[PDB]
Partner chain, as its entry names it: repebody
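Take a look at this one chain, the form solved without its partner chain, written out in structure tokens.
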């Protein structure tokens, strides 16, 4: 019998007016015997009609996969609207329902702090530039690094972690050739979040 997965928009998508945030309702394990899928969409319990439902794609395990995509208003998502996908199939005793929304709670502003490498790490060929991002809510967030207006690609960011006050934190780690750090180049940690002014801040780091 069929299964349903509801996917939220990307954090970046909801924070920038230029981007297009979407909610996606994927349905898997639809059979040949009853292959028709109907989708119904609701926003805060109210039906909407603007969703674009893709034609169904057969898969290698001889089950059908069908996707539906609802485009979402930036402010609706940020204002906490609930997005419901109702999925109907003649193989299902009742239509499956999933709901998704922005995590509930008062948004909190990220504190962004850049940390230089430890003295001890200077023995090595490469060094670690650390960006601590703390006290934010909800956990939806995007983090990036750049230098001299151009993007630094050798970095990893930890997932968000629930702190003891109910807020979230994370760390991002940029790895650069020691030489570059020594020369005095400026490195910048960019952070995108709803509780930031213009949904964006950045903090710089150098010696």
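Take the two forms, find the largest set of C-alpha atoms that superpose within 1.5 Å, and that set is the rigid core. Residue numbers count along the first chain shown, from 1.
Another form, the form solved in complex with its partner chain, is not on view; read the next lines as being about it.
At a distance threshold of 4.5 angstroms between non-hydrogen atoms, residue 79 is in contact with its partner chain in the entry with it bound. Residue contact check for residue 86: none of its heavy atoms lie within 4.5 Å of its partner chain in the entry with it bound. Using a 4.5 Å cutoff between non-hydrogen atoms, residue 45 counts as a contact of its partner chain in the entry with it bound.
Looking at 188 to 207, no residue comes within 4.5 Å of its partner chain in the entry with it bound, counting any heavy atom.
In a rigid core superposition between this form and the one not shown, 69 is the single residue of 170, 69, 142, 176 whose Cα is displaced by 2 Å or more.
Relative to the superposed rigid core, the position of the CA of residue 24 differs between this form and the one not shown by 2 Å or more.
When two forms of a protein are overlaid on their rigid core, residues whose CA moves 2 Å or more are considered shifted, and residue 45 is one of them between this form and the one not shown.
For residue 194, the Cα coordinates differ by under 2 angstroms between this form and the one not shown after the core has been superposed. Compared with the form shown here, the Cα atoms of residue 174 and residue 18 sit 3 Å or more closer together in the entry with it bound.
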